[PDB]
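Heads up: the structure comes next, in C-alpha cells.
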Number of protein chains: 4
Amino acid sequence: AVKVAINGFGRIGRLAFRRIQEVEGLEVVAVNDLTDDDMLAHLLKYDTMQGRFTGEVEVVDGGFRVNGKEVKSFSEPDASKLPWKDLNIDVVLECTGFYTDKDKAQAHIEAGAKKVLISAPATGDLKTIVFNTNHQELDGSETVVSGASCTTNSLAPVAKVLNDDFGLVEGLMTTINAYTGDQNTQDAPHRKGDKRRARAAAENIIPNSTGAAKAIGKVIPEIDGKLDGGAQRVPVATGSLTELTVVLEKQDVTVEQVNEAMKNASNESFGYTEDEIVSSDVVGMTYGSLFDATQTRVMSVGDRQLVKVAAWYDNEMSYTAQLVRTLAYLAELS
Amino acid sequence: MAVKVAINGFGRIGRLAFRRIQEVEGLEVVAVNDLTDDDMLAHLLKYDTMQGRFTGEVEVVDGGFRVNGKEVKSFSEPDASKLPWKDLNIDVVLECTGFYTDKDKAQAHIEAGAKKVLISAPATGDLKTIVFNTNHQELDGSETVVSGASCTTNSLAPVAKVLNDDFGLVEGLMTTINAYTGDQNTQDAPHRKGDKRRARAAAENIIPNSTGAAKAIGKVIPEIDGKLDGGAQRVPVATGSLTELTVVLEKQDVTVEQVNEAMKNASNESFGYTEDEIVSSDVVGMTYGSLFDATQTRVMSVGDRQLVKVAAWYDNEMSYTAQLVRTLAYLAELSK
Amino acid sequence: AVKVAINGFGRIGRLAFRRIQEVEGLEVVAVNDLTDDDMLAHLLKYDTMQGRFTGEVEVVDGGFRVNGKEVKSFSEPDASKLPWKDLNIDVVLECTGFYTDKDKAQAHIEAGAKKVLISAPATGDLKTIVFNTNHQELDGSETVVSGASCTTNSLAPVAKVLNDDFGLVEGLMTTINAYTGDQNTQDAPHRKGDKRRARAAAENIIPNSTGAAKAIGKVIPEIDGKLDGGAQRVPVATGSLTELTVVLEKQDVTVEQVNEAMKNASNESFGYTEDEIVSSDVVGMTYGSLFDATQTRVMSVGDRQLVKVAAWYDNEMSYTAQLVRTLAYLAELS
Amino acid sequence: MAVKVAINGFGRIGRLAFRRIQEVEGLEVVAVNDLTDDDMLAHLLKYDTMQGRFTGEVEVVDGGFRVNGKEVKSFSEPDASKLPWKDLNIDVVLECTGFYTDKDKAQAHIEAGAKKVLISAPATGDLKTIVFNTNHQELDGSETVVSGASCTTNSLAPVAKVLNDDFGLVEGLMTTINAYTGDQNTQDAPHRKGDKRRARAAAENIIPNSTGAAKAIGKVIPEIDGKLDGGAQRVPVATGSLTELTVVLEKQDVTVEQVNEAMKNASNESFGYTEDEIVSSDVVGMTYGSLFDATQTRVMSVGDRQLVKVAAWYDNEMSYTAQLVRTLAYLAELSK
Ligand SMILES: NC(=O)c1ccc[n+]([C@@H]2O[C@H](COP(=O)([O-])OP(=O)(O)OC[C@H]3O[C@@H](n4cnc5c(N)ncnc54)[C@H](O)[C@@H]3O)[C@@H](O)[C@H]2O)c1
Ligand SMILES: NC(=O)c1ccc[n+]([C@@H]2O[C@H](COP(=O)([O-])OP(=O)(O)OC[C@H]3O[C@@H](n4cnc5c(N)ncnc54)[C@H](O)[C@@H]3O)[C@@H](O)[C@H]2O)c1
Ligand SMILES: NC(=O)c1ccc[n+]([C@@H]2O[C@H](COP(=O)([O-])OP(=O)(O)OC[C@H]3O[C@@H](n4cnc5c(N)ncnc54)[C@H](O)[C@@H]3O)[C@@H](O)[C@H]2O)c1
Ligand SMILES: NC(=O)c1ccc[n+]([C@@H]2O[C@H](COP(=O)([O-])OP(=O)(O)OC[C@H]3O[C@@H](n4cnc5c(N)ncnc54)[C@H](O)[C@@H]3O)[C@@H](O)[C@H]2O)c1
C-alpha cells in the first residue's frame with residue numbers, strides 16, 4: 001500500500017483518516033499535530049457531527065492502534081523536522097492550514113516525503129485539483145498539489161455543466177456555510193484581523209470572503225474571471241449550500257433543460273436530487289457536490305434571463321471524499 | 001384623543017407591536033385577543049428571549065392586565081366577529097394571528113365594530129400592500145383593510161426602488177437568509193401546511209423555502225412588477241435576517257461606489273445605511289425597516305456585461321414591527 | 001411475524017419503525033397519523049439527528065413500500081375507528097401522546113387490536129415497564145402496557161443498584177434534557193399553560209417538571225416515595241443526562257465501589273463508560289441508560305455522605321430500543 | 001481625583017467591565033491591553049452579540065481609542081511586566097486575560113508599576129478571594145493582589161450563607177448548568193489545556209466539566225469550608241447560567257416557604273429574588289451577582305430525613321462583571 005502521513009489531525013485530517021480506512025491501496029502510517037495521544041485517539045473515536053468511529057482505537061507506545069494497525073504520532077509544529085524519510089512516506093495530507101503555499105509545503109519534501117497534497121486552496125506554481133472535474137491534469141510527477149476548497153468542489157461540476165451546455169457569460173455566488181474552526185466561540189479578537197470571524201460563530205449570520213468563485217479559473221480555465229461571490233456563515237455545525245446566479249449564451253433556457261444537463265453529468269463526485277432536503281441530510285455524504293433540482297430558477301424578462309441553481313455539500317465529508325479520491329489518483333499515477 | 005388600537009394575536013409581532021406602541025404617543029392599545037389566558041399573555045410580554053425584558057410594570061387584573069397602571073382588556077376568542085370592538089370604540093385592529101390574511105376574512109373585525117384593520121403580513125383580496133416610506137402615500141383615507149406587507153418586502157422595497165430609479169432595473173434574483181419563525185417545527189414532525197422543509201427541526205438546519213417578497217414586489221413598486229423573483233434560506237438564528245439581491249441594470253459601467261452612495265442618499269428612518277462589518281445579532285431590535293450594508297456590495301463585469309449585488313439587513317421581528325406601527329399611525333391619522 | 005401497528009408516526013414512532021426493521025418476528029403492517037403519505041415517507045427517509053433511513057422508501061396506493069414490504073397508512077384522529085380487526089393487529093405501539101391512559105388506549109382494543117404498548121407513562125392500573133429492570137413482571141395476560149418515559153429508562157437501573165448494594169434513604173434527580181416537540185420554536189402561548197415550555201426551545205435553559213423520579217415506584221416498588229426531582233431542558237436536539245443525588249444507609253461509600261457496582265450490573269440496556277463523552281456521542285445509541293463513571297462524586301462530612309451519579313440517554317433512540325425490546329417480549333406471551 | 005484603572009485582556013469580562021465602569025463615579029479606565037489592534041478593540045466594544053450595542057461614541061485615535069470624549073490608551077503587549085503602568089500612574093489593574101490567575105504571576109503588573117491588581121477569576125497563591133456583599137469587608141486596604149472569584153462562586157455564596165446562617169449547613173453537592181465560554185472550541189479540536197470535553201463543539205453538546213466553586217467556597221465563607229462540592233454542565237446557550245444546590249441541613253421539618261423567605265430577607269443589589277418562571281435568556285445582562293429562583297425550591301422529606309434543593313440564576317458575564325466592579329470600587333476606595 002501507499003504510505004500516507006497526515007499533518008494536522010483536525011476536522012479534515014481525522015475525517016480523511018476515517019475515509020482512508022475504506023480505500024484499498026492507501027495506509028496512514030503517521031499523524032502529526034500539536035497535542036498528545038490521549039487527545040488524538042479521543043477525537044478520532046468521538047465526533048460530534050460525523051458520529052462514533054466504527055472500529056477500535058487504543059493509545060500505544062509511539063502513538064495509537066486503529067483496528068490492529070499501528071499509527072505513529074508526533075507533535076512537531078515545524079514540518080521540516082518530521083521523520084518522513086525514515087518512515088518512507090509517499091504522500092503527506094497537509095491539513096493544518098499553515099502550509100497553504102508551494103514553498104511552505106516544500107518543508108515536507110525536505111523532511112523526506114515524496115509528495116504533498118494540501119487540503120485547501122494554495123498559492124504558488126502548483127495544480128489545484130477538483131476530483132472528476134480536472135484531476136486528469138495530474139500526470140504523477142507533481143510534488144505539491146492543492147485539493148482546492150470545500151466550496152470549489154461544490155461549485156466546479158455545476159459551473160462546468162453551465163458553461164459546456166449553455167455558455168457561461170458571467171455569474172455571482174453566495175455560499176451558505178456551516179461555521180468552522182477559524183471562527184471564535186464568543187466575540188473575541190480574531191487572529192487574522194477579521195472583524196466578522198471575530199463574532200460568536202453559533203449565534204450569528206456572518207458575511208465572509210471566499211475565493212471559490214473568484215479563483216475558479218485554476219480549475220476551469222475557460223471560465224476564468226467570469227465568477228465571483230462570497231459566503232454567509234450560519235449556525236449549523238457542518239453541511240453547506242452553494243447558490244449560483246448566472247447569465248448564459250443560450251437563450252430561452254428552462255428549468256427542465258438545466259436540471260436535465262446536471263442529472264446527465266452525475267457521478268460519484270457530482271450528486272443529483274429532486275428531494276426537498278435540508279442541510280443535516282448532507283452530513284457525512286461523499287458527493288463533492290449535490291445538485292438540488294428543487295432550487296433551480298429561471299427569471300425571464302423579454303429576451304433576458306438569469307439562471308439560479310444550488311448545490312449542497314458537506315464542507316467536511318464532501319471535501320474529504322474529494323481529497324481522498326485525488327490522493328489515490330496522484331498515488332496511482334506514480 | 002389617542003387612536004384606540006386592538007391587537008388580534010398577541011404573538012411575536014403583536015407583542016412587539018404592543019411594546020413599540022408604548023414608545024409612540026397618540027396610539028393606545030386598549031384591547032388584546034389571543035387563544036390563551038392572562039397569566040400567559042402577561043408573562044410573554046414581560047419576558048422575551050431575543051428582544052429582552054419589557055421596560056414597564058405588568059400586573060394581571062380581572063378582564064386583562066395593567067401595564068404601567070394602564071388597563072388592557074383581554075379576550076380569548078378565535079372567531080373575530082364575536083369581539084366587542086363597538087363597545088371599545090376601536091379605530092384600528094392590528095391583525096397578527098396569521099389566520100386573517102385576506103380582505104374578506106379580515107372584514108370580520110369591521111363587522112364587530114372596528115373602523116379599520118391593518119394586517120401584519122401579505123394578504124389576498126382587493127386591498128393595498130404598504131411599506132412605510134416606500135408607498136405609504138398611496139393611502140388616501142378611504143381604506144378599511146390594509147396589508148403591512150412582509151418582513152422581507154419591507155427590507156427589499158427601498159433597495160429595489162433605488163436600483164430601479166438610479167440605474168434602471170432589467171431583472172433580478174433574491175435570496176433572503178432568514179431567522180427561523182414560529183411556523184416551523186422544533187423537531188422533525190408533520191407540518192400543518194404539508195411543507196416538507198418547514199417540517200424539519202428549525203434550529204438544526206439550513207432550510208430552503210418559498211417567499212412571495214420578490215415575486216409580489218409589484219404591489220409596492222408597480223414600475224418593477226414581474227422583474228424580481230427569489231427564495232429564502234431559513235437558518236438557526238432566532239431573529240435577524242439578511243436580503244441579498246443580484247440584478248441586471250440598464251446603466252452601463254456601474255461601480256460599487258455609485259451604488260453605495262445612491263443607497264446612502266436615500267437613507268431615512270426606514271432605510272438605514274452602514275459601512276460597519278456587522279453580523280445578524282447587531283440588528284436585533286433595530287427599528288430600521290431595512291439596513292443597507294455597503295460592505296456587501298459587489299459588481300461583476302465581463303466586457304460590457306454586468307451583475308450588481310447588494311444586501312440589506314432586517315430584524316424580521318423589530319424591523320417589520322417598527323414599519324407596521326409607522327403605517328398604523330399614518331393610516332389612523334387619515335381618519336382623524 | 002407479530003403484526004404491529006404504529007399510532008403516531010412521530011419521533012418515537014418513526015425510530016421504532018427503523019428499529020423494528022432489524023428484529024425478526026416483528027413486522028409493521030400499518031401506520032396512523034394526521035398527515036399524508038408524502039410527509040410520512042419523507043420523514044422516514046430523512047432525520048435531522050438520527051441520519052438517513054438505511055433502506056429505501058416509496059409512496060404507493062394506500063400507504064408506502066419499505067424494501068419490498070408494504071405498509072398501510074391512515075389519517076384517523078379517533079383510534080377507535082382504525083381497521084385493527086381487519087389487519088389482524090397483534091400490538092399497537094401507541095406513540096401519539098394523546099392516549100396515555102388505560103381507558104383511553106382501550107380505543108385500539110375495541111378497534112380490533114390484541115394489545116397496546118404506550119410509549120410514555122400512563123395512568124390507570126396497568127404495568128409500567130423498563131426493559132431489563134422489571135419486564136419479568138409481565139405474564140402475557142396484559143392488554144394495555146406502558147413502556148415508561150425516557151428519563152425512567154435512564155434512571156431505573158442506576159436507582160436499582162444504589163438501593164440493592166447500599167440501601168436508598170432518599171434522593172433528588174436533575175435531568176439535563178434535549179428539547180422536544182411539546183416545546184415552542186419561538187416564545188409563544190403554550191397549549192398546556194406552561195410558561196417555561198412556552199419559551200424558544202433552542203435558545204434557553206428551561207426548568208421543567210418531570211414525574212420520572214416521583215413515579216419510580218411503578219418500576220421499582222421498594223424505593224417508592226424515595227425519589228423526586230426535575231428537568232432542565234437545554235439546546236441540544238437529542239441526547240440527555242440524568243444526575244441523581246442520594247443519601248444511603250451503608251456508610252463510608254466510595255466512588256470506586258459505586259462505579260464497580262454499576263459496571264457489574266451492565267447489560268445491553270444498561271451500559272458502562274469511563275470515557276469523557278458528551279451528549280452528541282449518545283445520539284443513536286441503543287442502551288436505555290449509559291452510566292458515566294467519570295461523573296461519580298462522594299461528599300463526606302464526618303459520618304454523613306451525599307452520593308452523586310450521572311447516566312446518559314438518547315431520549316430518542318435509548319427509549320426506542322427499550323420500547324422495542326419490551327414490544328418483542330410482550331408479544332412473545334399469552 | 002478619579003481612580004485610574006487599566007484593563008488587561010479586553011475580552012468578554014474586560015469589555016463588560018469597561019461598560020460597567022462608565023456608571024461608577026471616580027473610576028476611569030485610562031488604558032487597555034490585549035493582543036490585537038485598535039480597529040478590533042473598538043469594533044468588539046461597539047457590537048456585542050449577547051449584551052447588545054454599546055451606545056456611546058467609539059472612534060479609533062492615535063494612542064488607542066476614544067469613548068464619549070474620553071481617551072483610552074491601548075497596547076498589544078503579551079508580557080505584563082513590559083506594560084507602562086508606572087508612566088500611566090495605574091491605581092488598579094483589572095486582570096481579565098485568563099493568563100495571570102496567580103498571585104506571583106500577577107505580581108508582574110506591580111513590578112510594571114500598578115499599585116493593585118484585581119483578578120477576574122479564581123487565583124492561586126497567597127491572596128483573598130472576594131464575593132461582593134458576602135465577604136468584601138475582609139479587605140483592609142493593604143492587599144496588593146486580590147481575586148474576584150468565579151461567576152459560579154458569586155452565584156453560590158449568598159445562597160450558601162443564608163442556608164448555613166438560618167438552617168445549619170451539614171453538607172451539599174452542586175451542579176451548575178453553564179453557558180459555553182471562550183475556553184471551549186467551536187468545533188471538535190485539540191484542546192490547549194488537554195481537556196477532552198472542552199475540546200468539543202461548544203454549541204452542539206451538553207459538556208460535563210469541573211469547577212472549583214463549591215469545593216473552594218471556604219475562601220469566601222470560612223465557616224462552611226469543605227462542606228460543598230460539585231461540577232458543571234456546559235450547554236449551548238451563549239450566556240446565562242444556573243446553579244443547583246442540594247443540601248442536608250441541621251434544622252428539621254424544613255419547608256419550601258422557610259427556605260424562600262430566608263432568601264428573600266437576605267436580598268440586596270448583589271442577591272436578587274424572583275418568583276417568576278424565568279428561563280436563561282431572561283437573566284442576560286442582569287446586575288445581580290445571584291438571582292434566587294423560589295419557583296425551583298424543593299424539599300424532599302422521607303421520615304424525619306430531608307434533602308433541600310435550591311437554584312440561583314446568574315449571567316456568567318454581567319452578574320460576575322457587576323460583582324467585580326463593585327469589588328473594584330470598594331478596593332480602590334480603601335485607604336483614601
Ligand atoms: N473544516 C472544513 O469545513 C474545511 C473544508 C475544506 C478544507 N478545509 C481546510 O483544511 C485545513 C484544516 O481545516 P480544519 O477545519 O480541519 O481545521 P482544524 O483546526 O480542525 O485542524 C487543524 C489541525 O492542525 C493542527 N495544527 C495547527 N498547526 C500545526 C502545525 N504547525 N503542525 C502540526 N499540526 C498543526 C491543529 O492542532 C488542529 O488539530 C484548513 O486549511 C481549511 O481551510 C477545511
Ligand atoms: N415573526 C416574524 O418574523 C414575522 C415577520 C413579519 C410578519 N409576520 C407575520 O405576522 C403574523 C404572526 O406571526 P408571529 O411570528 O407573530 O406568529 P405567532 O405564532 O407568534 O403569533 C400568532 C398568535 O396569534 C394567536 N392566534 C392564532 N389564531 C388566533 C385566532 N383565531 N384568534 C386570536 N388569536 C389567534 C396565537 O395564539 C399566537 O399567539 C403571521 O402572518 C406572520 O407571517 C411574522
Ligand atoms: N421525544 C422523546 O424524547 C420521547 C421520549 C420518550 C417518550 N416520548 C413519548 O412518546 C410520545 C410521542 O413523542 P414524540 O416526541 O414522538 O412526539 P411527536 O410530536 O414527534 O409525534 C407524535 C405524532 O403523533 C401524531 N398524532 C397526534 N395526535 C394523533 C392522533 N389523535 N391520531 C394519530 N396520530 C396523532 C402527530 O402527527 C405526530 O406525528 C409522547 O407520549 C412522548 O411523551 C417521547
Ligand atoms: N466569560 C465568563 O462567563 C467568565 C466569568 C467569570 C470569569 N471569567 C474569567 O475571566 C477571564 C477572561 O475570560 P473571558 O471569558 O473574558 O475570556 P476572553 O477570551 O473573551 O478574553 C481574554 C482576552 O485577553 C486577551 N489576552 C490573552 N492573553 C493576553 C496577554 N498575555 N496579554 C494581554 N491580553 C491577553 C485575549 O486576546 C482576549 O481578548 C478568564 O480567567 C475567565 O475564566 C470568565
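Counting convention: from 1, in listed order, for ligands and their atoms alike. Side chains are part of it too, since the values below use all heavy atoms of this structure and drop only hydrogens, waters and symmetry mates. Letters go in sequence order (proteins before strands), and every chain restarts at 1.
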Stepwise salt bridge (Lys or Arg N to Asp or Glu O under 4.0 Å) test for D:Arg234 and D:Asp183: CA-CA 11 Å; D:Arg234 306 171 177 215; D:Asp183 61 327; 3.1 Å; yes
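- Residues passing the ring-ring contact (aromatic ring centres under 6.0 Å, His included) test with C:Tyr179: none are found, sequence neighbours excluded.
- Counted by atom type alone, B:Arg200 and C:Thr48 present one or more donor-acceptor pairs between their side chains at under 3.5 Å.
- Between A:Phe9 and A:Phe17, the ring planes lie perpendicular to each other; the angle is over 60°, past the 30° to 60° tilted range.
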Measure and list all N/O to N/O distances between ligand 4 and the protein that fall under 3.5 angstrom.
unit_1	atom_1	unit_2	atom_2	d
ligand 4	3 (O)	D:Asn316	O	3.4
ligand 4	3 (O)	D:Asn316	OD1	2.8
ligand 4	10 (O)	D:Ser120	O	3.2
ligand 4	10 (O)	D:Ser120	OG	3.1
ligand 4	16 (O)	D:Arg12	N	3.0
ligand 4	16 (O)	D:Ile13	N	3.0
ligand 4	20 (O)	D:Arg12	N	3.1
ligand 4	31 (N)	D:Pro78	O	3.1
ligand 4	37 (O)	D:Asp34	OD1	2.7
ligand 4	39 (O)	D:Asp34	OD1	3.2
ligand 4	39 (O)	D:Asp34	OD2	2.8

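- A donor-acceptor contact closer than 3.5 angstrom is absent between the side chains of C:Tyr319 and C:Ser149.
- Classification of the D:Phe75-D:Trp85 ring pair by plane angle, with boundaries at 30° and 60°, yields perpendicular.
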